[PDB]
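Below is one structure, written out as structure tokens, with a few remarks after it.
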Ligand SMILES: [K+]
Ligand SMILES: [K+]
Ligand SMILES: [K+]
Ligand SMILES: [K+]
Ligand SMILES: [K+]
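Chains as they are written, first to last, in my numbering: chain A, 293 to 382; chain B, 12 to 223; chain C, 737 to 955.
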């Protein structure tokens, strides 16, 4: 079960990628939007999931914000578990 | 939206000299600037990406620098093939936008025009039309005048001229001058002459031919 | 191989609409965006819009009146731009370009010249330009071909099917009485002609025609 929660890692990487793709898709078309290219969108996602939120990038559209919210929870839940498991096996 | 200012619109340099094109963004765009080259009648071609990244296939001669609001595209030792229009483009914010472009002009040594005159073809005459064509090729500077004379008398009607852009092959210019007349009008005249007056000579360069 | 293929030209009567195409080849990714750029003669590049084939969503330049509608066919890897209710202001070269979702246009199509006019299409007449009998030849000789009475632009002129590029000048066309005319110049060593053949190839996209004219010395 310990490394079975390590499956959250699987989920997270998927949400991060989908998030990045979806983020760009939602943001382009929004005048001034900066989250409009995949690479950095991918960086934005980690920045967001880890909840570090630097401010160098963020969504300005409604769906962009929705994708963001999903990524945030994914991150929080995911890291929650990996921490709880590392706490168990030690 | 981000405004990209490219000034000056035209840059004149001597052969083998280093040149720098300027691109200023209305707001900071990090290094999200890309440069394209577009030769006369050609499609745009990517030269540099993200302000300074090289593109495979592009001569080492090309390089870029800058970040924030001010960017530069540089060419070490310019050569004829670099004659073209250069555009910057940003991808920091939506929508992507283009600068207005800068043309590269090369100041080479003066060259007298090579003049050639051609009688209308038999295939054309067969259609009741007659075009006399004159080429003033590979000269520099581009300032030049052409004059037509039929039987020793200056002619102006029926003449249409066309000038090429600076040539990316040798930095020269060329011009064509076409005198179009009906087969009849053409049949009642003997000699046709084209005269070119260019800075390289105090006397005109003339080419003629008789219909017979 | 050519990554983006676009038709050479399209003639459209004022008020009518036209659908431009862009056939793509080479690697294709779900992150690719196809862009369209407009360029009027003597002017700069203007961004029109973009579309992501994998999803089908399109975005447009808000600063300009919307004349285009973008679509894409995944099975044929072709992107389309429907331009409607055109006026002479819409006459220009329209390029399609591919962006890998990373901000720059990696490659561009050759562009489609769109002409908005009521005039009718007309293939060009190609005439030879050989020196007169009294012309003195140097170590080089200049030949050419006259291309007149065609509409609309453009025409592509090559020498010896393209094998001859050096020493070639094609002059900008001049418009007179709803018809264009231009000449192309070619210079080869005087000794090689007529021993070695010299032919110009004139293609006129709008009329789907391409003719050849061998240049031989006058009778
Ligand atoms: K935090
Ligand atoms: K934080
Ligand atoms: K912050
Ligand atoms: K901040
Ligand atoms: K916590």
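Where is the CB? At the ideal position from N, CA and C, for every residue including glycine.
Subject >> Chain-ordered neighbours of residue 935/C on chain B, where CB pairs are closer than 9 Å >> reply: As a position in the third chain, residue 935/C is number 199, starting the count at 1. Under the 9 Å cutoff, chain B gives no residues; its nearest Cβ is about 14 Å from residue 935/C.
**OP:** Look at the alpha carbon of residue 53/B and the alpha carbon of residue 361/A, and state the distance between them as a whole number of angstroms.
**Re:** Indexing the second chain from 1 puts residue 53/B at position 42. Indexing the first chain from 1 puts residue 361/A at position 69. Near 46 Å, if we compare the C-alpha coordinates of residue 361/A and residue 53/B.
Original post:
Mapping DSSP to helix, strand and coil, what is residue 52/B?
Top reply: Counting from one through the second chain, the residue named residue 52/B turns up at place 41. In this structure, residue 52/B counts as coil in the three-state DSSP scheme.
Subject >> Continuous alpha helix (DSSP H) stretch holding residue 334/A: start and end >> reply: For this step, residue 334/A is matched to residue 42 along the first chain. Residues 330-341.
Original post:
So, helix, strand or coil for residue 311/A, using DSSP?
Top reply: Position 19 of the first chain, counted from the start, is the residue given in the question as residue 311/A. Residue state, collapsed to three classes: helix.
Original post:
Under 9 Å Cβ-Cβ, which residues of chain A neighbour residue 93/B?
Top reply: Residue mapping note: residue 93/B aligns to position 82 of the second chain, counting from 1. Those do not exist, as residue 93/B stays about 30 Å from chain A at its closest Cβ, beyond 9 Å.
**OP:** Can you list the residues near ligand 2, meaning Cβ strictly closer than 6 Å to any non-hydrogen atom, in the order they appear in the chain?
**Re:** 343/A, 344/A, 345/A
Original post:
Does any residue of chain C bring its CB to less than 8 Å from the CB of residue 329/A?
Top reply: Here residue 329/A refers to the residue found at position 37 when the first chain is read from its first residue. Yes, its Cβ sits closer than 8 Å to a Cβ of chain C.
Subject >> ligand 4 heavy atom lying under 7 Å from the CB of residue 391/A >> reply: Shown here, chain A extends from 293 to 382; a query on residue 391/A therefore has no answer.
**OP:** Tell me whether residue 953/C is buried or exposed, calling it buried when 16 or more other Cβ atoms sit within 10 Å of its Cβ.
**Re:** Looking up residue 953/C in the third chain gives position 217. The residue in question, residue 953/C, is exposed, as its Cβ has fewer than 16 Cβ neighbours within 10 Å.
**OP:** Starting from residue 792/C, trace the alpha helix (DSSP H) both ways and give me its first and last residue.
**Re:** As a working mapping, residue 792/C is identified with position 56 in the third chain. Unbroken run through residue 792/C: none, as it is neither H nor E.
Original post:
By Cβ distance below 8 Å, which residues in the same chain neighbour residue 20/B in space, the five residues on each side in sequence not counted?
Top reply: Taking the second chain and counting its residues from 1, the one referred to as residue 20/B is at position 9. The residues are 111, 112, 113, 114.
**OP:** Report the three-state DSSP secondary structure of residue 368/A (helix, strand or coil).
**Re:** Mapped onto the first chain, residue 368/A falls at position 76. Of the three classes helix, strand and coil, the one that applies to residue 368/A here is helix, per DSSP.
Subject >> 3-residue-minimum beta strand (DSSP E) runs that sit fully inside the segment 743-821 of chain C, ordered along the chain >> reply: 745-748, 754-760, 769-775, 782-788, 793-796, 804-809, 814-819
Original post:
Under 7 Å Cβ-Cβ, which residues of chain C neighbour residue 12/B?
Top reply: Walking along the second chain from the start, residue 12/B turns up at place 1. What residue 12/B touches in chain C: 799.
Original post:
By DSSP, does residue 100/B sit in helix, in strand, or in coil?
Top reply: Here residue 100/B refers to the residue found at position 89 of the second chain. Looking at residue 100/B - three-state DSSP - the assignment turns out to be strand.
**OP:** Flag residue 905/C as yes if its beta-carbon sits less than 8 Å from any beta-carbon of chain B, otherwise no.
**Re:** Looking up residue 905/C in the third chain gives position 169. So yes, residue 905/C belongs to the interface.
Original post:
DSSP beta-bridge partners for residue 835/C?
Top reply: Here the question's residue 835/C lines up with position 99 in the third chain. In the DSSP output, where bridge partners are listed per residue, residue 835/C has 769/C, 841/C.
**OP:** Could you please give me the residues that DSSP links to residue 24/B through a beta bridge?
**Re:** For the purposes of this step, residue 24/B is taken as the residue at position 13 of the second chain. 117/B, per the DSSP bridge assignment.
Subject >> residue 906/C versus residue 841/C: straight-line alpha-carbon distance, rounded >> reply: As a position in the third chain, residue 906/C is number 170, starting the count at 1. As a position in the third chain, residue 841/C is number 105, starting the count at 1. Approximately 29 Å, taken between the alpha carbons.
**OP:** Have a look at the DSSP bridge pairing and note the partners of residue 881/C.
**Re:** Taking the third chain and counting its residues from 1, one reaches residue 881/C at position 145. 864/C, 920/C.
Original post:
How would you list, in chain order, the residues of chain A whose beta-carbon sits under 8 Å from the beta-carbon of residue 951/C?
Top reply: Stepping through the third chain from its first residue, residue 951/C is reached at position 215. Result: empty, since nearest Cβ-Cβ is about 52 Å, beyond 8 Å.
Subject >> Residue environment, residue 328/A, which counts as buried when at least 16 other CB atoms sit within 10 Å >> reply: In the first chain, residue 328/A corresponds to position 36, counting from 1. By the neighbour-count rule (16 or more Cβ atoms within 10 Å), residue 328/A is buried.
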